[PDB]
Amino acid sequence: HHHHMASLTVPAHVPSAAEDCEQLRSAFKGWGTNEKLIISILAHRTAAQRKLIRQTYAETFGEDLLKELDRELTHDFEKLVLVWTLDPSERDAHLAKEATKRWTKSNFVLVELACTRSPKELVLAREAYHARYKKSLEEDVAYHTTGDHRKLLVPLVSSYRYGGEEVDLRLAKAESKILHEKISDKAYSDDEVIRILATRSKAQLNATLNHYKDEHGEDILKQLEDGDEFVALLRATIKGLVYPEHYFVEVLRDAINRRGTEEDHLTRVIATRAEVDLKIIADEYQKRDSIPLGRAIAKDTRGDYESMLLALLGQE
């Protein structure tokens, strides 16, 4: 299904599972270059639809669809179809694990993964991460990170926050000060800074920051500007949990350019948000320059990679 926020679009009359398979299967017969058909099917299907596809494709052809379409993962296009076709859970598991290795190390991505998903989601990902790797997302994150970084990161990915909306203004008042005094003391990684940012609900966390911005004046982000990595990680955490849209848009920004485009990050945002809130992220982008994400995307990418992107972006 595609929500008020999602960009993903599916047919009004969707083909059956067996239907998508015969056609998708028939996109591999001898000339292998039927991207358009693959892009037109996979990119216009919901997650539960792609799962049943994947299951019916295995049971009627005895072969694994993904293995069938992960032939050349070095190419942006083929790497996008994978990530995307994947269930949002395995997809996070993959990103989560990639995020903790030498050659693709990003603590920013871990945070993105822990803060910009709902709690249940972070848990179905922790669940995919068991299946796929026989290990914890926090077991690994704990292992591959250290000091301040590890202190903020483990609790972040292992926290399974209340997800209702009820706030507690009284608590929000106090917690906003703990944060403040601690920020001002340069006690950036102080237990109270970490505890508040990693355990409280998204909701509570938001009452906490408004009340912060009035009294104290500036938004909490204005006092966590530069710093080292940990401060930057804090800066990412706050945005992911409370301002997920500006976060993704700043990410699309730093990934799209006339010249050197970071297809890895663009594929990451587009794929992981298309079925969640990319349609709104797209807007926030527009606002900035009145340049549709779609344009900028079509201006600094091409081939099937480009198509696939626009098709996921809810535009073409």
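Sequential numbering from 1, following the sequence displayed.
For the pair 185 to 193 and 150 to 158, the mean B factor over Cα atoms is greater in 185 to 193. Comparing 239 to 247 with 208 to 216, the higher mean C-alpha B-factor in the PDB entry belongs to 208 to 216. As recorded in the PDB entry, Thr74 shows the highest C-alpha B-factor of the residues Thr116, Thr74, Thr145, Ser89. The PDB entry assigns the greatest CA B-factor among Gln55, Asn34, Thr46, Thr267 to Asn34. The entry lists a Cα temperature factor for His180 that places it in the highest third of the chain's modelled residues. Among all modelled residues in its chain, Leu221 ranks in the highest third by Cα B-factor. Among the modelled residues of its chain, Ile39 has a C-alpha B-factor that falls in the middle third according to the deposited record. In this PDB entry, the Cα temperature factor of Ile280 sits in the bottom third of its chain's modelled residues, the lowest group. Per-chain ranking of the deposited C-alpha B factor places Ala27 in the highest third.
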